[PDB]
RNA sequence: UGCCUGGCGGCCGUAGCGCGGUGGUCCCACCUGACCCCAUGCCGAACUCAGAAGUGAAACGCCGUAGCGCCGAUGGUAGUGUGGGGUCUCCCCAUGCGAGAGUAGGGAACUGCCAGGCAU
RNA sequence: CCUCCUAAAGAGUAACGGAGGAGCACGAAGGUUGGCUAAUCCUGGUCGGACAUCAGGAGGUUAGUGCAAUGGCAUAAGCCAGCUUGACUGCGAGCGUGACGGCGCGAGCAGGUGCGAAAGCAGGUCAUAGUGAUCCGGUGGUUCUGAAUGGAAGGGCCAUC
RNA sequence: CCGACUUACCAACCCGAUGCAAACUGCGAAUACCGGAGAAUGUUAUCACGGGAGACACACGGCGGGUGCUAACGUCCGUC
RNA sequence: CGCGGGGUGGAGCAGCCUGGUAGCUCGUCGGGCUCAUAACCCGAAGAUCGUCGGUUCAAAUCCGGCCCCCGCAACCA
RNA sequence: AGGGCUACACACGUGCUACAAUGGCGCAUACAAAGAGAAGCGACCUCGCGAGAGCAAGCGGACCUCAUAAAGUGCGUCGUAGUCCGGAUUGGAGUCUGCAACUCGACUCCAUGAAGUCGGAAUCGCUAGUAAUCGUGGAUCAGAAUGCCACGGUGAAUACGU
């Protein structure tokens with residue numbers, strides 16, 4: 001993926017000196033983007049969960065797979081483990097290529113006020129966000145002309161501060177939230 | 001990798017330096033340097049002598065007397 | 001012969017935790033490649049296989065550290081058998097047994113087999 | 001009848017004595033092999049709700065356990081998946097238990113089946129509660145047998161209701 | 001109203017520290033009990049088989065626990 | 001410090017046979033309607049299903065404590 | 001002098017307007033009555049997207065303007081989609097009278113956007129140039145009606161029975 005190739009070739013060599021590490025093994029990276037698509041209440045309908053799995057079947061070559069209620073406060077018919085979302089855990093080439101569709105073809109999906117939130121980083125290397133609509137990646141420029149549903153995001157990184165979170169992949173043309 | 005759709009970049013990254021119906025370089029703000037502020041300060045930022053739509057020039061010599069039509 | 005590292009054990013835990021210093025192209029871990037054997041809820045994350053480079057960050061490990069877990073006297077004390085005395089709610093004495101907690105002091109484990117690195 | 005306490009550190013043990021459970025469930029909630037690991041709180045984001053989820057951190061098992069509760073459980077006795085049906089048949093030294101009928105564990109053998117590379121494991125389910133001895137009534141198998149002889153109602157034996 | 005300009009007002013989570021428990025433990029006796037070895041003493045103890053029981057309504061007291069009232073010349077049990 | 005039944009919106013009553021609020025009817029409220037109101041007619045709202053605690057994804061509904069109402073027990077001699 | 005008569009989770013009497021298609025929209029296009037105007041009405045012409053303003057013939061109205069009155073007629077287009085309908089609400093800007101348009105006026109332009117799918121118990125006007133339905137003018141009036149008074153256009157259905 002060109003975003004990761006640029007990040008290792010140009011950005012990692014500068015983060016080395018901006019944070020003045022002793023080892024090249026200290027420089028931050030994204031580990032995984034784990035996802036959820038936590039639409040909820042879908043056990044009473046099933047077709048909503050099948051439609052959310054059909055959006056995730058188009059974000060990556062990877063297969064959709066259910067997320068479930070754990071505290072399960074709402075209730076329907078079955079105890080505890082009723083489904084709420086359809087996940088797809090992306091890593092490496094399958095997450096770096098997706099972030100490269102953002103602001104190149106997904107331009108109507110991403111706004112300045114919906115950019116990267118610089119205050120949402122933490123020194124544990126954990127991050128999360130919502131995008132309120134589905135964003136697909138086909139073999140060509142295409143959109144399924146269907147809406148209603150949306151997606152939420154979960155990310156793990158090797159960053160040991162929230163300031164190194166603000167430096168990781170920060171050279172790309174994706175906006176920042178303000 | 002139990003692949004269900006195929007990722008390809010050649011149709012979506014070629015000629016992306018410009019803005020068109022198929023792809024755009026960047027979105028609104030950031031790299032596009034868009035401004036989104038609001039302001040007021042009505043009338044007094046301009047010249048205060050402003051006049052309505054009409055057939056005459058500025059500082060004209062006369063005005064037609066409507067009773068003088070007889 | 002001594003020092004250091006690795007796999008596998010002994011003990012049955014003053015064998016630990018926290019903190020600080022600090023080390024590795026011996027080993028080790030991070031780590032590179034995935035395509036093949038093998039594999040995933042999807043996922044080369046995990047498991048598996050072919051393994052380059054760089055490093056000592058994490059993980060790993062040694063040393064310093066008595067802050068914490070913790071070892072812990074002597075003596076008294078509680079409890080308790082028997083005998084005598086004896087209060088209604090249980091108790092005193094002679095005599096045999098006698099803690100737990102605390103104080104002082106201590107504690108940063110000890111050790112075996114086999115292989116690797118290093119030294120005259 | 002089971003568990004904790006009554007119960008007094010070998011052991012047994014009462015009173016309408018204090019608390020809680022049992023009348024069944026499981027063909028997966030069984031065998032076997034490999035691997036995995038929590039309640040809860042904090043952190044982060046929004047269609048995402050409520051206080052609801054994915055991820056990370058702290059917690060370091062509190063959770064989970066077919067069914068209340070104690071004991072026990074990480075080498076898991078908790079949990080997930082492949083193959084599998086030992087939810088074994090004929091037998092059993094020894095130990096534990098009760099007055100006895102009867103009852104719990106079990107060294108170990110032969111047959112036959114299954115897992116695991118193989119060592120190795122498989123007598124159902126973490127163990128204990130889920131009412132039924134004996135006469136008797138029914139039903140399947142049966143050269144074990146059937147009174148003058150041969151068949152036989154019938155009797156016995158085994159299995160089970 | 002997200003938020004905040006405010007103390008006048010409550011409590012233990014959490015935390016420092018004191019107090020406490022049949023159905024809490026982190027610690028943990030004495031006295032027993034039972035296997036093994038052993039002296040002296042005990043008229044056979046311990047135990048198998050056989051003939052025969054009587055007994056199944058036990059009680060004030062000491063020491064321990066329940067219950068009642070930390071009542072009973074009470075009541076259930078452990079124990080002499 | 002016994003036992004059995006009861007505790008529902010303003011008011012009466014159904015329910016539960018272990019659950020997934022709000023039923024039926026009178027009343028109330030606005031509207032049609034009348035000179036006006038009773039009343040017919042149309043439509044809508046209500047509520048800590050005694051209460052606190054327990055079980056559960058979910059409790060008015062199952063279960064324990066407690067408060068309240070009614071009945072039963074409440075001596076033979 | 002300023003404020004209020006105009007406030008606001010309500011209800012009603014009476015009126016307006018829409019939900020469209022024998023309707024809307026863009027273009028072409030036909031046939032009226034009536035009424036006001038001396039610090040007033042007003043074409044041609046000029047300026048502006050436009051309200052309107054400038055310039056200015058005419059006139060006191062059988063002499064002029066509103067004015068191609070609109071519905072209707074010709075042509076393209078929409079297919080029931082909350083629309084090519086409705087356009088409340090709401091942002092911005094311009095025009096107007098007047099001492100002055102903040103609460104609280106009228107007109108114009110751009111943009112935005114909601115209920116509404118022909119509506120309960122029920123109810124009202126009308127017998128023909130009537131109702132239904134389309135447009136116009138005036139009083140009152142600095143300015144300012146969807147009410148009131150008057151006007152002309154298109155123009156029904158049905159009337160057994162009592």
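Every residue, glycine as well, gets a Cβ built from its backbone with ideal geometry; the counts of neighbours run over all protein chains shown. Since every read-out is calculated from the coordinates, none of them should be taken as a lab result.
Pick out which of A:87, A:46, A:71 has the largest mean-square fluctuation in a Gaussian network model of chain A, springs linking Cα atoms closer than 10 Å.
Ranking A:87, A:46, A:71 by mean-square fluctuation puts A:71 first.
Based on the alpha-carbon gyration tensor of region A:25-151 and its eigenvalue square roots a ≥ b ≥ c, which shape applies: rounded if a/c is under 1.5, prolate if not and a/b is larger than b/c, or oblate?
Oblate, since a/c reaches 1.5 and b/c is not below a/b.
Using the basic label-point model (7 angstrom from Cα toward the beta carbon), what is the residue A:16 to residue A:46 distance in nanometres?
5.6 nm
In deg cm²/dmol, rounded to 500, what helix-only [θ] at 222 nm does chain B give when every DSSP H run of at least 4 residues adds -39500 (n - 2.57) and the total is split over its residues?
One gets -1000 deg cm²/dmol as the mean residue ellipticity at 222 nm.
With a Förster radius of 45 Å, plug the Cβ-Cβ distance of residue B:14 and residue A:162 into 1/(1 + (r/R0)^6) and report the FRET value to the nearest 0.05.
Computed FRET efficiency for residue B:14 and residue A:162 comes out at 0.75.
Can you tell me the FRET efficiency between residue B:58 and residue B:38 if r is taken as the Cβ-Cβ distance and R0 is 30 Å, rounded to the nearest 0.05?
E(calc), rounded to 0.05, equals 0.35.
Arrange A:15, A:49 by Cβ neighbour counts within 10 Å, fewest through most, would you?
A:15, A:49
Which residues does a label at residue A:113 reach in region A:162-178, if reach means a backbone N under 13 Å from a point 7 Å past the Cα toward the Cβ?
Of the residues in region A:162-178, A:177-178 have backbone N under 13 Å from the label point off residue A:113.
What shape does the protein assembly as shown take by its C-alpha gyration tensor, where a ≥ b ≥ c are the square roots of the eigenvalues and a/c under 1.5 counts as rounded, a/b above b/c as prolate, and the rest as oblate?
prolate
Kindly express, to the nearest 10 degrees and within the range 0 to 90, the angle between helix A:47-56's C-alpha long axis and the longest C-alpha principal axis of chain A.
With both axes taken from Cα atoms, the answer is about 20 degrees.
Pick out which of B:51, B:28, B:36 has the largest mean-square fluctuation in a Gaussian network model of chain B, springs linking Cα atoms closer than 10 Å.
B:51
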